[PDB]
Protein chains: 2
Amino acid sequence: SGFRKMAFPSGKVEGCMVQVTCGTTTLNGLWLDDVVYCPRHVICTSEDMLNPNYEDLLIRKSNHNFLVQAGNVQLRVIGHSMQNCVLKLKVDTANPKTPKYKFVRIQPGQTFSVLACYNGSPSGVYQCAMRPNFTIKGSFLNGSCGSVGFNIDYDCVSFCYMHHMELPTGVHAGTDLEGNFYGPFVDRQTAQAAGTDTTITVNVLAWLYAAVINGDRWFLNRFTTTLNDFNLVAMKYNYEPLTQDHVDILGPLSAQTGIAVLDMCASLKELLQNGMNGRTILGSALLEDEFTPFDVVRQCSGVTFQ
Amino acid sequence: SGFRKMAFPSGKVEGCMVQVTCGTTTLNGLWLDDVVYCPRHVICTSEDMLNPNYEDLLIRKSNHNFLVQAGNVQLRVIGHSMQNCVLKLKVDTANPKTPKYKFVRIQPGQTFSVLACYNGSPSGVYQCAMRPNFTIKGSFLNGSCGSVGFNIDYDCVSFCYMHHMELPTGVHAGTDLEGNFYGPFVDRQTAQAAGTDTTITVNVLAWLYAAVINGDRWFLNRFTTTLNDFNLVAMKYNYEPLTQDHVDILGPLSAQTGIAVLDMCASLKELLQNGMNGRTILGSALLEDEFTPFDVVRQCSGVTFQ
Ligand SMILES: *[C@](O)(C(=O)NC)[C@H](C[C@@H]1CCNC1=O)NC(=O)[C@H](CC1CC1)n1cccc(NC(=O)OC(C)(C)C)c1=O
Ligand SMILES: *[C@](O)(C(=O)NC)[C@H](C[C@H]1CCNC1=O)NC(=O)[C@H](CC1CC1)n1cccc(NC(=O)OC(C)(C)C)c1=O
Ligand SMILES: [Cl-]
């Protein structure tokens, strides 16, 4: 048993990670086939970044200006291209280690693994959810940009995130791999802010189910709520309204534990109202909301990858 | 910006995960050069494991009684030895993906990443800590055995743990890669109890520095303490004694923050006494003790691996 925050195994993503340098700026690219995907702000300097004309600065750039590096190997760049906020560097060699892959745009509430890299080199990996306000709570230092977020369904790598900026509050913003920002954010020096976050209710119930599967059940009660009456409470505390689709999505864990959603919902209403009364759940002193239904099923039924 | 429980990238260990089957029992093997290491309870039937004679059981097995699979490819076993609680299977092929590596035996309070495997397939990666009672709070289902713990020091993978058993309350025990157990446990299906866990004081302090490095300051007080005065209070909240070497080891972080260790101790001493009274630190409502001084430097100064 046990229950941890669990990243995907990162090896298939390490294989793709390169260093990209334009003038003074060095960060990370994602090397799939003969293309290297990196944030388009690799091109500009500390100046302009007030409000930089990427179309215009790219025209001036020479392929020679991009020093791309895979360990102890300079890759010849032979073409450059811009999609939204991502630079595409055509190079004269396809990546021997390209895995099967997809570019997907995840919905808020959905979780991925992040491989934090510096100078094309991976530092560490960690799990994190796309907040409803389209920020993520990462761990990103200068040089981290171009680091990516991904899910691994079997042998297929689904790339969902490339890193761009930090925000005030120590939260992060970035793009899908077609270079569109999650949320209303922009690749400038321009001053920017998250907007009010909400608690991902569906995920809190999932984790409660996770605790029950793992013996931690002190908070189970003989009481029941309607969906409506449950939302009337949780919504007061800035929790996502819970929907029938949410309740359906919780079907499998409801069945595995034998506890109905609207029963667990009465445990959740109580924990919000009276707090945890000095107790922990899965060794947490608050209600963790960064595990999806599927994340619990994965960890707790033990589904493997390759 | 941000701080996070961060696992080492698992790429280099993934290429060493094999499946080992002996009759009706399947678990994970660690394949380094021409040797596969697994737990020795792979030669047992579910009735042998109540009180087995592993020496006797191993005498009654041939090389062919070990089906070792690396992807599709089966590996021919050409020898077998038992070192303490691990099986060493000599195979006919050297692992091309074998990293530079060594075997270490870690101290309590030291952290490492776990690559949870089922059937020689890597499933998940998570950081944890050798608890002072010689257990690990991991995430392990049936089939997980042979999954290892490890650090990366630049490019050298240090293997520190192989997984063997679950103990009461959903904590875990295993061995170093010489098959010696951490703590007083045995390779047996017997009633075994872990012993009372305490909090890793030097780690909580390391994390209080992380809080302060990431702009969490509220818990700083205008007081200092003696080591002795600190231990008197910590003893009474099940905190491991803080020694002069723990203070000395905390020096670099003290110097980075300008906050004297024994002043940080005095802030911790107040937190144990008055509790946290509903406030968080790095988004935790309890004091984290699973980051080493070196982990905090690692992540805050962003050190990288290859
Ligand atoms: C990225 O460009 C990089 O790694 N380049 C080498 C960095 C990564 C961030 C800096 C440290 N933490 C990070 O996550 N991003 C930026 O520097 C980013 C580039 C903009 C085009 C998007 N960026 C520029 C300017 C200002 C900020 N934000 C900022 O200063 O935020 C506060 C919280 C005020 C410090 C920013 O992210
Ligand atoms: C491991 O052997 C395996 O994966 N084999 C295929 C397995 C690890 C799993 C099982 C559930 N959680 C885990 O960590 N270990 C065992 O099953 C071990 C075998 C060890 C040689 C003795 N094992 C066997 C019997 C009983 C127990 N523990 C047990 O009964 O746990 C409680 C009830 C909590 C005391 C055990 O770990
Ligand atoms: Cl907590």
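What you see of chain A is 3264-3569, where the numbers are those given in Swiss-Prot.
We read in the header that X-ray crystallography, 2.6 Å was used to get this structure.
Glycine too: its Cβ is placed from the backbone N, Cα and C atoms.
Annotated domain 'Peptidase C30' per Swiss-Prot: A:3264-3569, in sequence order.
Under the heading ubiquitin cross-link, Swiss-Prot lists A:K3268 (among others). Within 10 Å of the C-beta of A:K3268 (ubiquitin cross-link) we count 20 further C-beta atoms, all protein chains included.
Taking a C-beta cut-off of under 8 Å and a sequence gap of six or more, A:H3304 (active site, for 3CL-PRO activity) has these contacts in its own chain: A:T3288, A:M3312, A:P3315, A:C3348, A:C3408, A:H3427, A:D3450. What Swiss-Prot lists as active site, for 3CL-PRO activity is A:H3304, and the listing cites sequence analysis.
For A:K3353 (among others), the entry in Swiss-Prot reads ubiquitin cross-link, with the evidence type experimental evidence. In the three-state DSSP classification, A:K3353 (ubiquitin cross-link) falls within a strand. Within the same chain, the residues at least 6 positions away from A:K3353 (ubiquitin cross-link) whose Cβ sits under 8 Å from its Cβ are A:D3297, A:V3298, A:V3340, A:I3341, A:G3342, A:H3343, A:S3344, listed in sequence order.
The active site, nucleophile annotation in Swiss-Prot covers A:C3408. Look at A:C3408 (active site, nucleophile): DSSP puts it in coil.
Chain B lies within reach of none of the recorded positions A:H3304, A:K3353, A:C3408 when a CB-CB distance under 8 A is required.
Counting every protein chain shown, the number of other Cβ atoms lying within 10 Å of the Cβ of A:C3408 (active site, nucleophile) is 25.
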